[PDB]
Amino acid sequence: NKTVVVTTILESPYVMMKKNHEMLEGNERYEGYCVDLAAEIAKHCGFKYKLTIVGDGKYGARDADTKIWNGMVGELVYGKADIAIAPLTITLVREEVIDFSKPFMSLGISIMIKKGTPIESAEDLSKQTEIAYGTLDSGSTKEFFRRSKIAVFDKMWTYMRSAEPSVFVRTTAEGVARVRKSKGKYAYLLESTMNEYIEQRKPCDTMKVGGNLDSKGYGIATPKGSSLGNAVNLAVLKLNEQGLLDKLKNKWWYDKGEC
């Protein structure tokens, strides 16, 4: 039997380098939620596996000009990996070209504030202009606002699209720094999972407020028609029912949190 090639992505806390990684080999180089999850999936499915970091560092999209899938999705579609174990969002266009398990983690768009900011909901943000707010320039959150027909989110998009200086940031680190350094006058819109992670990072000055604005899930992906997909999906369901997915989330977000 052959070693399963698992594509994954360097993204904290899902996959992170061990400090001594230069003196380590194979799967021992990495730690994180998806490292632990890969070991559990492999245990339940009965395979040996090698974690490999996706070469282009991307989740996966179809290039608008060439029509070629990149990222982990592309690794699956073009025969370079057997399974993707990563926070890969289950979307329509991806589901058409690869197979997904049921989701192992659910999430939604959410609001990050500096502690003390008088905001508790998206509606609160939308009905004022003293506190600026934005999102990742390249993110799925931006696209949610662009396409939304809900009055509150439409108003928020109209504000964000034309706000000056730009309220959009190039990276999560830029967004978080802007929240922390703006003295409560900038709020940041992002995935609840990342928001919750940052809430547990020093110096513990940010928090997540309000309910999620949408709902989506991260799934395990296999090439379309792969015989591995059935067992992997049953594994995700068993791990959820055993409490193990919740245990892993608690471990990497809270037991290992700094706040």
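Start at 1 and count along the sequence shown; that's the residue number.
Colleague: Which has the higher mean CA temperature factor in the PDB entry, 49-57 or 214-222?
Modeller: Stretch with the higher mean C-alpha B-factor: 49-57.
Colleague: Which has higher Cα B-factors on average according to the PDB entry: 163-171 or 84-92?
Modeller: The stretch with the larger average C-alpha B-factor is 163-171.
Colleague: Take the CA temperature factors straight from the PDB entry and tell me which of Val77, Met156, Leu107, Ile111 peaks.
Modeller: So the option with the highest C-alpha B-factor is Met156.
Colleague: Whose C-alpha has the highest temperature factor in the PDB entry: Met72, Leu189, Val97, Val179?
Modeller: Highest CA B-factor of the listed options: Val179.
Colleague: Would you check the entry's CA temperature factor for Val232 and let me know if it's in the chain's lowest, middle or highest third?
Modeller: For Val232, whose C-alpha B-factor we compare with every modelled residue in the chain, the answer is the lowest third.
Colleague: Lowest, middle or highest third: where is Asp36 by C-alpha B factor in its chain?
Modeller: Lowest third, going by the recorded CA B-factors of the chain.
Colleague: Using the temperature factors of the C-alpha atoms in this entry, rank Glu11 within its chain: lowest, middle or highest third.
Modeller: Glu11: CA B-factor falls in the lowest third of its chain.
Colleague: By its CA B factor, does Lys19 count among the lowest, middle or highest third of the modelled residues in the chain?
Modeller: Highest third of the chain for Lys19's C-alpha B-factor.
Colleague: Place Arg146 in the lowest, middle or highest third of its chain's C-alpha B-factors, as listed in the PDB entry.
Modeller: For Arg146, whose C-alpha B-factor we compare with every modelled residue in the chain, the answer is the middle third.
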